[PDB]
Amino acid sequence: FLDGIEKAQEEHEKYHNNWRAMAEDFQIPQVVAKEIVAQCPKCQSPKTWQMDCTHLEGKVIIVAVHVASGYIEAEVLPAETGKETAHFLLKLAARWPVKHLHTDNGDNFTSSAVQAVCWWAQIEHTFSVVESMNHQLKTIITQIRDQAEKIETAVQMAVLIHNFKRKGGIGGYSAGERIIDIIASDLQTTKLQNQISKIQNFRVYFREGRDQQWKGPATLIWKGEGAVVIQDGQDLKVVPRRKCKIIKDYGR
Amino acid sequence: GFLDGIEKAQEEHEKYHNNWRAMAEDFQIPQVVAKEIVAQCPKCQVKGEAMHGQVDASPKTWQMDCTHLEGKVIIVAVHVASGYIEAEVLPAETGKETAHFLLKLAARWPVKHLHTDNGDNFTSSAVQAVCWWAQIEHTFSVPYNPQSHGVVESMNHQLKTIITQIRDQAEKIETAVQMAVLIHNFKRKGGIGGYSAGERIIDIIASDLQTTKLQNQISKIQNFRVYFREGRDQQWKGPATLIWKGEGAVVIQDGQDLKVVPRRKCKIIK
Amino acid sequence: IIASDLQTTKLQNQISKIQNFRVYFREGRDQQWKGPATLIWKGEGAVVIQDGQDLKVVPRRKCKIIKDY
Amino acid sequence: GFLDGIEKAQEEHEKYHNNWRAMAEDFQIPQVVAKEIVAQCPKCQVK
Amino acid sequence: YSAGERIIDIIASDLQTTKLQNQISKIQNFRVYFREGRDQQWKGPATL
DNA sequence: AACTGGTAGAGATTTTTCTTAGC
DNA sequence: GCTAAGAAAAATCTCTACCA
DNA sequence: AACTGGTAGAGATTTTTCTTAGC
DNA sequence: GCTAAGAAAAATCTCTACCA
Ligand SMILES: O=C(NCc1c(F)cc(F)cc1F)c1cn2c(c(O)c1=O)C(=O)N1[C@H]3CC[C@H](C3)O[C@@H]1C2
Ligand SMILES: [Cl-]
Ligand SMILES: [Mg+2]
Ligand SMILES: [Mg+2]
Ligand SMILES: [Zn+2]
Ligand SMILES: [Zn+2]
Ligand SMILES: [Zn+2]
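Residue numbers (the deposited numbering), protein chains in the order written: chain B, 1 to 44, 57 to 140, 150 to 273; chain A, 0 to 269; chain F, 203 to 271; chain E, 0 to 46; chain D, 194 to 241.
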């Protein structure tokens, strides 16, 4: 156990590993490995989208793209007012978690209706990838145009072929697998951070061997079934449970 | 004896239609005879068997239905294993708009199985052509039995309660529909893992892909075949693939079927 | 000759006593009870019956299956 | 139903005076009514 | 075979052995919620 | 401040009764 | 003659639809 | 021959956590 | 310093209406 913590600290001092790899290699819990990463001075987005409008056959196609994965959602608009752009943004924010929207300085994007939608759904709008996505979508649309009667069917068939049928990148994944893996990794991070804060609201008085007195207040990191890991004096150490007292702390 | 009582009980049931306890007490026949007299009458037998079944909950199954609100037509689709909702307002209840809603849904999320009722928009050639092109299995419920798709009708109820909660913050009904979808998907927690519906659909689909890749890498380097003895007759079946050897039993795969066999009836050969 | 007819009558007795069931079901928009039909397949939740040379699927909650002694 | 079996077994015991296990296996009636058919005959006895 | 195919095959087989022993525990770190017969509540977290 | 769901049947599970073979 | 295995017949327990 | 009720909230009961007095 | 009573806060279990 403590040998695993010592090997993890020496290996991070050499190579600066991440906490998932250290927890899987050295067989330590994840809160301990995250503390080892968080104590290092040299070691201290999944919700950003971009939007644009374009033209095809006299129609208006609005395109939104998830940036870290390349994931496309598109639609055909009857006009280019601010109310239709606000309805598209409200549908997108109701289906995927959107926190940061990046657009250009168009007219319909600089509007009171889009501003009211961003106020209600709590999005950060920023005015200045989508050009490459418009070119790629237009090549697929021309590649499958003879199978559809209307332009709306061809647009949605091209979105399906782009998202699930084209493979590339490092491991040969599509865009849907990449967006799902990215958001799932972020969810794991936030749940572990909630556990970390709830544990770190405590305090530990511990008694070393060959002494009767209690030492200073060390902060609890992990409380197991038979052992207790504490941080004290910028040092992580493992004390048995029969030489410890854990009390609540009020130091806000 | 009671054989004359059997004859009088048959005449009595032919006139009055007694239940079995009345005949078994008034004619002093055994209860099996009285139950048979009642069971051979067609004017009786008006009662079901009092149980419920259980719908399909595979990780790529969706259910779809339509509802009405303030003179409009809403169309609701639910992901069954997680509870994830998509919804829209249709200008008409035809088959063209239903085919376009299904095409957009199949472009956004992976759909392989769809369950619907027998309305005129879901049994249509446009929805048939979209399911053919996008490779979906479309199944229909038993007619006039809404319990076969209980998840989407329960979500009709939840959507209407949220819409009445936030009705005064919007002007039109399409705005209030999309605000209700956001509040259901992301602002309500509680359930299997303490998740919301968006977190649950992310966890379910990511877990599906991860576990296929892991057991592909495990099974591509396996060995230690197992010959096992099972059945009513003590025969011996051929090459089976050992998957996991445990404290008490082993797990084998035979002809693409999973089986759990104890250690006394199997022999491992490297 | 006689013993073969004894074996044939025994096997036909077991075959006839396996699956001679009657089904009273309830179907339609106005859910009325209808006459006896022949059971074909019985799964958990629903059954498939043959009535008047027509196959129908009824749930097990809307049908009664009568066996023989 | 076995009600026609009860009538047929009564005719058959009136001819040949069967026992009760024979009638209960041949005519597929329950054992209580077959024992009662043997009990009502003044010449036979259930054994 | 030449030398490059030999060195690639050797390191690949060694990696497959050690990663097998880790991947089994990795696949057993999932949790399953299941349903038995004629009971309509989802039973607790068994292990896959 | 003084009001309110219930009835009966279809199967499943547990218990009692009855015949017969073995020691 | 006494005892126990096996099966038949009876008793109890849980669950469902319909009543404007 | 291959079909099927479910979702989420209001209380009641059981369990875990936290402070303080007594020996 | 150690132990137990008491109460607060959290976790589990049973039951209901509505969905054309
Ligand atoms: O009675 C309904 N719901 C209430 C309810 C429930 F949801 C779940 C339950 F367990 C019990 C319930 F009483 C209901 C009725 N119908 C339709 C519905 O979708 C629907 O939900 C529907 O679409 N059709 C189309 C197909 C043929 C035509 C048009 O008649 C039917 C009527
Ligand atoms: Cl229907
Ligand atoms: Mg419907
Ligand atoms: Mg419905
Ligand atoms: Zn570092
Ligand atoms: Zn009757
Ligand atoms: Zn006689």
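Heads up, the beta-carbon is just placed ideally off N, CA and C, and yes, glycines get one too.
Legend entry - Contact set between the stretch 8-39 of chain E and chain A, restricted to residues whose Cβ is under 9 Å from the partner: Look at the stretch 8-39 of chain E: the residues with a C-beta under 9 Å from a C-beta of chain A are 9, 29, 31, 32, 35, 36, 38 and 39.
Inset, instruction - For residue 35/B, I'd like the list of residues in its chain whose CB is within less than 6 Å of its CB, leaving aside the five on either flank, ordered along the chain. - result: Closer than 6 Å at Cβ, skipping near neighbours: 242.
Inset, instruction - Say whether chain B places a C-beta atom closer than 8 Å to the C-beta of residue 46/A. - result: Any Cβ of chain B closer than 8 Å to the Cβ of residue 46/A would place that residue at the interface, and such an atom is absent.
Legend entry - residue 226/B, DSSP secondary structure in three states: Secondary structure of residue 226/B (DSSP, three-state): strand.
Inset, instruction - State yes or no: is the beta carbon of residue 216/A nearer than 8 Å to at least one beta carbon in chain D? - result: Yes, residue 216/A lies at the interface with chain D (some Cβ there is under 8 Å from its Cβ).
Inset, instruction - Alpha carbon to alpha carbon, how far is residue 38/E from residue 22/E? Give it in angstroms, no decimals. - result: Each residue's alpha carbon lies about 13 Å from the other.
Legend entry - Cβ-based contacts, 9 Å cut-off: residues of the stretch 141-175 of chain A near chain F: Within the stretch 141-175 of chain A, the qualifying residues are 141, 142, 143, 144, 146 and 147.
Inset, instruction - Assign residue 63/A to one of three DSSP states: helix, strand, or coil. - result: Secondary structure at residue 63/A: strand, using DSSP grouped into helix, strand and coil.
Inset, instruction - Name the one or two DSSP bridge partners that residue 253/B has. - result: Among the bridge pairs identified by DSSP, residue 253/B is matched with 256/B.
Inset, instruction - Kindly list, in the order they appear in chain E, the residues whose Cβ is closer than 9 Å to that of residue 226/F. - result: Correct list: empty, because the minimum Cβ distance to chain E is about 15 Å.
Inset, instruction - Tell me, to the nearest whole angstrom, how far the beta carbon of residue 126/A is from that of residue 98/A; I am working on the premise that it is less than 8 Å. - result: With 8 Å as the limit, residue 126/A and residue 98/A qualify as a contact, their Cβ atoms being about 5 Å apart.
Legend entry - Pocket of ligand 3 (residues with CB nearer than 6 Å to any heavy atom), chain order: In chain order, the residues with a C-beta atom nearer than 6 Å to some heavy atom of ligand 3 are 64/A, 65/A, 116/A and 118/A.
Inset, instruction - With DSSP collapsed to three states, give me the class of residue 192/B. - result: Residue 192/B carries a coil assignment under DSSP once its states are collapsed to helix, strand and coil.
Inset, instruction - Verify the CB distance criterion: does residue 208/B have a CB-CB separation below 8 Å to chain A? - result: True, the Cβ-Cβ gap to chain A drops below 8 Å.
Legend entry - Check: residue 16/E C-beta below 7 Å from any heavy atom of ligand 7: The answer is yes for residue 16/E.
Inset, instruction - Using the Cα positions of residue 5/A and residue 43/E, report the straight-line distance between them to the nearest angstrom. - result: Distance between the alpha carbons of residue 5/A and residue 43/E is about 22 Å.
Legend entry - Contact test: residue 261/F Cβ vs ligand 2 heavy atom, cutoff 7 Å: Not so, every heavy atom of ligand 2 lies at least 7 Å from the Cβ.
Legend entry - Euclidean distance between Cα positions of residue 117/A and residue 222/F: Rounded to whole angstroms, the gap between the alpha carbons of residue 117/A and residue 222/F is 32 Å.
Legend entry - Contacts around residue 262/A, its chain only, beta-carbon distance under 6 Å, and the 5 residues preceding and following it disregarded: Apart from sequence neighbours up to five positions away, no residue of its chain approaches residue 262/A with a beta-carbon distance below 6 Å.
Inset, instruction - Quick one: grab the DSSP three-state call for residue 83/B. - result: In this structure, residue 83/B counts as strand in the three-state DSSP scheme.
Inset, instruction - Starting from the C-beta of residue 257/B, find all residues in its chain whose C-beta is less than 8 Å away, skip the five residues before and the five after it, and write them out in chain order. - result: By the criterion of a C-beta distance shorter than 8 Å, residue 257/B is surrounded in its chain by 5, 9, 32, 35, 36, 242, 250 and 251, once the five residues flanking it on both sides are discounted.
Legend entry - Within 8 Å, strictly: CB atoms of residue 77/A and residue 141/A: The Cβ-Cβ distance between residue 77/A and residue 141/A does not fall below 8 Å.
Legend entry - Per-residue burial, residue 115/B [other beta carbons within 10 Å of its own, 16 or more giving buried]: Within a 10 Å sphere around the beta-carbon of residue 115/B sit 16 or more other beta-carbons, which makes this residue buried.
Inset, instruction - Would you identify the three-state DSSP class for residue 10/B, choosing helix, strand or coil? - result: In the structure shown, residue 10/B sits in a helix (DSSP, three-state: H, G or I).
Legend entry - Residue span of the beta strand (DSSP E) that contains residue 137/B, given as start and end: Residues 136-139.
Legend entry - First and last residue of the uninterrupted beta strand (DSSP E) at residue 77/A: Counting along the chain, residue 77/A sits inside the beta strand (DSSP E) bounded by residues 71-78.
Inset, instruction - Could you work out which residues of chain B lie near residue 204/A, taking near to mean beta carbons separated by less than 8 Å? - result: By Cβ distance, chain B contributes 201.
Legend entry - chain A contact for residue 248/F (CB, 8 Å cutoff): So, interface residue.
Legend entry - Contacts around residue 112/B, its chain only, beta-carbon distance under 8 Å, and the 5 residues preceding and following it disregarded: The answer, listed in chain order, is 57, 59, 60, 61, 135, 136 and 138.
Inset, instruction - Give me the Cα-Cα distance between residue 47/E and residue 54/A, rounded to the nearest whole angstrom. - result: Any property of residue 47/E remains undetermined from this structure, which presents chain E solely from 0 to 46.
Legend entry - Sequence-distant residues of its chain with Cβ nearer than 6 Å to residue 70/A (five each side left out): Same-chain partners within the cutoff: there are none.
Inset, instruction - Tell me whether residue 227/D is buried or exposed, calling it buried when 16 or more other Cβ atoms sit within 10 Å of its Cβ. - result: Burial is judged here by how many other beta carbons sit within 10 angstroms of a residue's own beta carbon; residue 227/D has fewer than 16 and is exposed.
Legend entry - Residues that residue 53/A contacts on chain D, provided the C-beta gap is smaller than 8 Å: What residue 53/A touches in chain D: 228 and 233.
Inset, instruction - Could you tell me whether the Cβ of residue 236/F comes closer than 8 Å to any Cβ of chain A? - result: So no, residue 236/F is outside the interface.
Inset, instruction - Would you check whether ligand 2 has a heavy atom nearer than 7 Å to the C-beta of residue 90/B? - result: Incorrect: residue 90/B has no Cβ contact closer than 7 Å to ligand 2.
Inset, instruction - Starting from residue 267/A, follow the beta strand (DSSP E) in both directions and report where the run begins and ends. - result: Unbroken beta strand (DSSP E) run through residue 267/A: 265-268.
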